[PDB]
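S.K.: If you scroll down you'll find the structure; I have some questions about it.
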Ligand SMILES: O=C(O)[C@H](O)[C@@H](O)[C@H](O)[C@H](O)COP(=O)(O)O
Ligand SMILES: O=C(O)[C@H](O)[C@@H](O)[C@H](O)[C@H](O)COP(=O)(O)O
Ligand SMILES: O=C(O)[C@H](O)[C@@H](O)[C@H](O)[C@H](O)COP(=O)(O)O
Ligand SMILES: [Mg+2]
Ligand SMILES: [Mg+2]
Ligand SMILES: [Mg+2]
Ligand SMILES: [Mg+2]
């Protein structure tokens, strides 16, 4: 798709699908773990996993953000999640968020006895 | 008919878990469960942080709704047709879910 | 007080843009029945802090400080259903030096909103306060001319063809002949990375021989992308 | 047209929002008009040259010259004026306080036509400040990390600064911390010396931090001084503090230098360490009104280079307004021009975190009301002799200070006037706190 | 017993200094109503163990072994309230090899003591026992002359102007023309680090081409003080590393604005990689201008020799005072001499000396005076004095080189540069068109 | 507004948020397993939750594995047989948690896990 | 000379060095929160102090977060309402510590935290 979409003889173009041959796909690692390995690592079976996307995405301090995570996880959700826009920004730098979210992950995990995580 | 133009063989490359998100809440649990099946992740942003009693009760409501759907499905019930009844029945023993159902009906 | 949930907070025609805001011009095509004002609001809401149900965590901060806002909507001449919606995004929403985050923050979600039939980002006003957090070009126009000692004319290059199929050496041979004739550069096709029959390191070796052979012959500095 | 041979005073100039502005207190030499003085200040701190150089014809000078756009008399002084100079954004290297200082104060102070010169303030534009990391954490993050809210933080500076063994030094720390203080601190002079090598001090202070933390249940810390002769040594010390898992380290930013301080600030950000900044040697530069650099400039520089705490004096008594001025410049996001408080330019920090000001000196329990009223909650109050000098020892001394502080905080929250009921608030606390009563008797 | 709270200990008039003590000479201006003995005494206490209230921890050690002592006080001839207080600090108070700690320990606190209206540190006696813990100059005067193969005359350099505004290439062009005309070095302004329109790596590349082009043309070794001063130590070293890769002979650092911790690290890198280090004293006047408060430059100069530097700016042409600290910077042993501001006899026990650098608004007519004042072991920088020549940089460099050699030749023959200076330059003008052109513009 | 409990409500993953499963409820869940052609198996432990004693690297947890009660019931066609074993396990280890898991040879993985018995006071 | 206790005096940060707060004393601190336009919220825990179980890197501690009692009382204009909730918490969790915290939406951070209830043996 690097060049063809701009050809003037074509008014419009959309790539719908690709047949990836085994000879090419085998040259890729693929998922770090995959569906089955993930279920075994988290010891979760027989149901869809559940998560909460923290909001507001921007505006909360790293600590208040982590507090929200802890409460979500302790109630029964498997995961809490960073918005796609949340990377590292003024008022909530990434390392601070990681520290507080980690405290939340372990506090809720110890409380419920189920493995927890935060994207 | 499902957009699959070519037969695709992955020769044992592991699969990826699909994630459902957006403006979804407890009443969508039956449909979500039936559409995706067990190998999926269901993300509830406003559906958790918007529960009238807070995040923990909100999470409990979603977890209860999901397990109620899973139980019913496993017993052989039709999630596409009995969804609302499955959720309403779960509301009886889960105050958290009952509260959620009243807000997003 | 926090309750249940459920343009009221995103179309602000009075808003005066700040010199630190990142501004965006979106060409929006509303779905049938969708008012132009509602579409602009949606563009701002769905590319910022818009949430379907009221969340109480919003009470832990000040929203108006993080919301993108549609401050102007202009109908597009010749269209019965096309407008340019201008949205201002506060500086604090962006990670310094990250184009990845700038794109994620502005175009990461809004293009899929159902109320919008079509959407196209036309331009972005990058404020100096944000661009100064970026290195930018490794060298830039002026430094490049000084480094290559080339002035007063466009530079010239040849893109090697066929892109794939030549051995690394035959490829380098084509390069040498192009450069020795007066071109400043020869170039690898966008598709040419490393492939069977022409591995990258072999190509780099032969192209390097070509660069220096032509440079020594002509006396002018040569290069190969 | 060259012309070998032997442009800076522009009262018509309109400052750009990207310009770095400077307010210089200038004392012209006799026979030098203030207009000439202002131009010299701008020229000698920028593109001015004694003789014409042909190379100037290879660029556009008016794009790189500093300009004196305003001059005003100093109230009271007969030969002193405030000259305002504007410097183009392009003159400065991004993220380098070292270059900002070099560019503005690196040459002009030695100019013959200027009998005396003092840089009073700098307007740091957002376009330039955004190129700096700033505080490793900042006021709000620090409170969240330490889980401390609603009151100034308390610390004790260990004494004698030199002479104690690393273990005896750590013992003093443990006793202070267990009594209610949040931090203990290394003197600015305490780096690594015969009889008390730094790694030994770090080991014993770490034991003290954790022993007191386990005993009280509150998070504790000790400002471990990482100031060193070389950057390699400075980082080495920060690295061991990191291994020990302690919360905070320290640096004498002016004597160590800005290049080293910025490097340390980056390390602290990358490793979650709080950074306490001591302003040792500042008075060599900021004390005289006629020459040098006012502390507010050194304070802005530290916020930019990086620090979580910074000493702000004692301001103790009943200068007050000037101190409140630079305290706001250190803590707030937006500070409006306020000449009554030494704020020559409106300063917008565009969300760069603030720095916690630290009060220190010969202060004791009777000063608690005043200190609380002056600084408010976002401050650190250091009590050296005020703790180690308690008749019953360090733990009781710490308790006396913590009690005096919470009594003031409680009273203030209830709506009482600390500036008028201070002594009575303390006296009331003496009724139920034997530790405080003992302290008040000794230092009244 | 430990009892209580809130010139009797820190004023010791007959104390005999130990050969290991660090001594300081402070010019003190007491507040009204403050005896000079208490003034000098407070200077000692506040720069050592002073404490407003009694602390029991003092009983865990011997504080007399850690106190600074004012062992002598004398008035400054002409002041009703200005004295020189001499203070002795025990060797144990200082961290080995750290100028940062030496400064922190001595000037870190005392200048703000309110019983003092003003205070200025005039001089420091650095004991051999402490100086031996410092590397000192990466190379020093003698090693530098041998490495560059330059003898018998002051070295010459040109400071590129305009400092900012030129492209890296045009900047380098100016450097080549200066060097090919007779100058030994070209130099980056103290402000030139890395900036928009002229990033450091580009400047290093073009200046390197200029250095080598001019060296090949003339046959003499050339150099350019490449400024490595940066915002962080990582960046500073990164720049020194590329200079190392390019194989050039010298780099530069603004030691006071960059700071001593950074400077010492750079001096170490230079020693380990054979790089000469040119030191610019930017911001020194903020500290050393006023006679009543601050630190005299001689203290900052000794500190630089200790931290490490091969060149250090020293002025432009006060006289007696300048000759005094120039000796402190270059010589091995300097005897006390109040007439030249040398308060203490200083023994450097073989630590190499630093080459003093003259700059400012100087030109060809100042050559005799500069040569007379500094002698051969110096570097004379001519910015406008080169780039301002009517015929360009090459002729401008030639004019300065000719003027200098004319002065050196005459001096060596026994002529008095101080009295025959103008005649020596006028004579040289008769056979050097380049010098004549310069002499007509700056007369 | 009701506050979610902080103690006494520890969980065991899937189905542990539903009210205590009656015998009938369990039978249906077991029948789902047999109908799906999966193999039921019982597991028990006196420690009911995860912990991290030997390592704290990503993905490593102790307490995920419990102890197998006999072997997977291959060829089982009567859900009542599974209940029979559950009762035996409860009789032998009344102080242990017992859960029912399932294995699928087609997917080649364990794919079901739900608590079936909790000791008195747990 | 008196010796500072080594046990039974564990703390909870701000105001915990003052004598036990009376109801009247508590109401005044709550009103301060309300007058300052901050939002009060209750937090409880059966573990009253910090610890380091999961990590010991700088700035990381466990036990900083406690559990939220319901939600922050947005719009509260009656300090008596906060007292009411404190009483419910004590009734539901008599063996837990309860503290009152405050949030400010302007500074966008939690900015208050003081102990309000300690069990009958802590
Ligand atoms: O923050 C969130 O709540 C989500 O990120 C949300 O904003 C997004 O709209 C959904 O994930 C669906 O988006 P797509 O279908 O486009 O993935
Ligand atoms: O060790 C100490 O007790 C302090 O370091 C002290 O000596 C210093 O005098 C004060 O902190 C005020 O000094 P500044 O006003 O100069 O900060
Ligand atoms: O760039 C140059 O031409 C010099 O840097 C010049 O600006 C400076 O004024 C002199 O070197 C004397 O300065 P000091 O005597 O203060 O070193
Ligand atoms: Mg999102
Ligand atoms: Mg191509
Ligand atoms: Mg001190
Ligand atoms: Mg200069």
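What you see of chain A is 121-239, where the numbers are those given in Swiss-Prot.
Per the header: X-ray crystallography, 1.6 Å.
Every residue gets a Cβ built from N, Cα and C, even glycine.
In case it helps, Swiss-Prot gives these features for our protein:
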type	residues	note
ACT_SITE	A:175	active site, proton acceptor
BINDING	A:201, A:203, A:204	Mg(2+) binding site
MOD_RES	A:201	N6-carboxylysine
S.K.: Around the Mg(2+) site formed by A:201, A:203, A:204, which additional residues qualify by having Cβ within 8 Å of the site's Cβ center?
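M.R.: Those within range, site residues removed, are A:173, A:174, A:177, A:202, A:205, A:206, A:239.
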S.K.: Near the Cβ of residue A:204 (Mg(2+) binding site), how many other Cβ atoms are there if near means within 10 Å?
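M.R.: If we count other Cβ atoms within 10 Å of residue A:204 (Mg(2+) binding site), we arrive at 13.
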S.K.: Quick one: what's DSSP say for residue A:201 (Mg(2+) binding site), helix, strand or coil?
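M.R.: Note: residue A:201 (Mg(2+) binding site) is in a strand by DSSP.
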S.K.: Taking the Cβ of residue A:203 (Mg(2+) binding site) as the centre, how many other Cβ atoms fall within a 10 Å radius?
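M.R.: Other Cβ atoms found within 10 Å: 19.
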S.K.: Fill in the CA-CA distance, residue A:203 (Mg(2+) binding site) to the residue listed as 'active site, proton acceptor', as an integer in Å.
M.R.: 8
S.K.: If one measures from the C-alpha of residue A:204 (Mg(2+) binding site) to the C-alpha of residue A:175 (active site, proton acceptor), what distance in angstrom results, rounded to a whole number?
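M.R.: Cα-Cα distance, residue A:204 (Mg(2+) binding site) to residue A:175 (active site, proton acceptor): 11 Å.
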S.K.: Using Cβ atoms only, which residues of the same chain lie under 8 Å from residue A:175 (active site, proton acceptor) while being at least 6 residues apart in sequence?
M.R.: A:203
S.K.: Using a Cβ cut-off under 8 Å and a sequence separation of 6 or more, which residues in the same chain sit near residue A:201 (Mg(2+) binding site)?
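M.R.: Counting only residues 6 or more apart in sequence, the Cβ neighbours of residue A:201 (Mg(2+) binding site) under 8 Å are A:171, A:172, A:173, A:174, A:238, A:239.
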